[PDB]
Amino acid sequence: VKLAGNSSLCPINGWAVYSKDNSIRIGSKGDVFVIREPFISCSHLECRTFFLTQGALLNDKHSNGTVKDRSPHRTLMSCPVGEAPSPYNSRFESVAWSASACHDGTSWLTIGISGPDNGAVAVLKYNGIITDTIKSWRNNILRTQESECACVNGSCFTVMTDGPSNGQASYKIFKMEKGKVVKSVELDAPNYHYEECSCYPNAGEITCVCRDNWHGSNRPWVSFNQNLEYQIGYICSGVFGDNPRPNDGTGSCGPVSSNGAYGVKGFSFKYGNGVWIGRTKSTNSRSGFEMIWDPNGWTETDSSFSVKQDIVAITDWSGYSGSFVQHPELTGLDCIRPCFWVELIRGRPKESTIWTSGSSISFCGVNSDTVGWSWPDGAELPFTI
């Protein structure tokens, strides 16, 4: 029975820890995959962790990592939430150096992109069998979310980008049914830059908060209905959500240029004019993480917000983060449960090792209260190398 996306986000006060895989600590001896972007996505029965791997295990020579980010060995795989990804427990999803995934209430939809930079192809799979294809339309590194896609009333949506990771690029939203694209639309976003979008359904519509790797310190967003009729803009809060970024000053609803000329995948949940912002604690490195609730901060510009909940000390490494959802058909709740995951990146380029891999941690909405704390990776580098 297809997943209805007609309810709204559950109201929340804080975030309770949901999972921690300690994959890097475990990989020190155990056969664990060296991964990146471990995004979580759920069905009507379970939540799994998808990730991308170079096809190498920690503490092995094949984790050398000097390899191009987009190699032909990069594959999309998944394993149950909270477990360390290893060949002994991970399911194979797709060959990909960029992907996204989601369940529509019936079967899983996975999107893996592979191929050369000048003509990559997104392979759509529905319940493990290829159902469609999408070719780069700008021949300049087709890429997608690196996090969960959003499904509503039996249709799922994703956002792909094609073009330079600097200046203007091309951006399209896709709507698929049973893994088949039934409609796509190019965004008319001059001066915007979308990458690695974290999307989620809310009252039958989708909202995506993404990464402006071109010239913005704030995060850009797109929200659209089931017919790809959309709207775009930026989070106006002076509580800049990208990394790097400048100290929290006055923002704008259009790309803040001051230091936002690069970035990190991230997310944000919208509630009225308010926004739950997930971000690193450092303005220069992917270190630490914290959840900030800036009411009237999605449409306004301030430096003021009401709540700050710590997740990773500034003293420890963090990395990509993304939103994932829990539907009422899984929860029994009468609303959509917002949750998020954080990638704790270890190794290069910040540490003196020959590899790069990340652990994951995740938290969910919740009405009751929580506590801020630090749940870092905890691995002692360097490894036996």
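Position 1 is the first residue in the sequence shown; the rest follow in order.
Just going by the entry, 109 to 117 versus 254 to 262 on mean CA temperature factor gives the higher value to 254 to 262.
Legend: mean Cα B-factor per stretch from the PDB entry, 89 to 97 versus 290 to 298; the higher mean is in 290 to 298. Of the candidates 303, 144, 218, 170, the deposited coordinates give 303 the top C-alpha B factor. Within the selection 161, 285, 237, 213, the deposited Cα B-factor values reach their highest point at 285. Among all modelled residues in its chain, residue 268 ranks in the lowest third by Cα B-factor. Annotation for residue 241: CA B-factor lies in the middle third of the chain's modelled residues.
When the modelled residues of the chain are ordered by their C-alpha B factor, residue 329 lands in the highest third.
Sort the modelled residues of the chain by CA B factor and residue 278 lands in the lowest third. Per-chain ranking of the deposited C-alpha B factor places residue 60 in the middle third.
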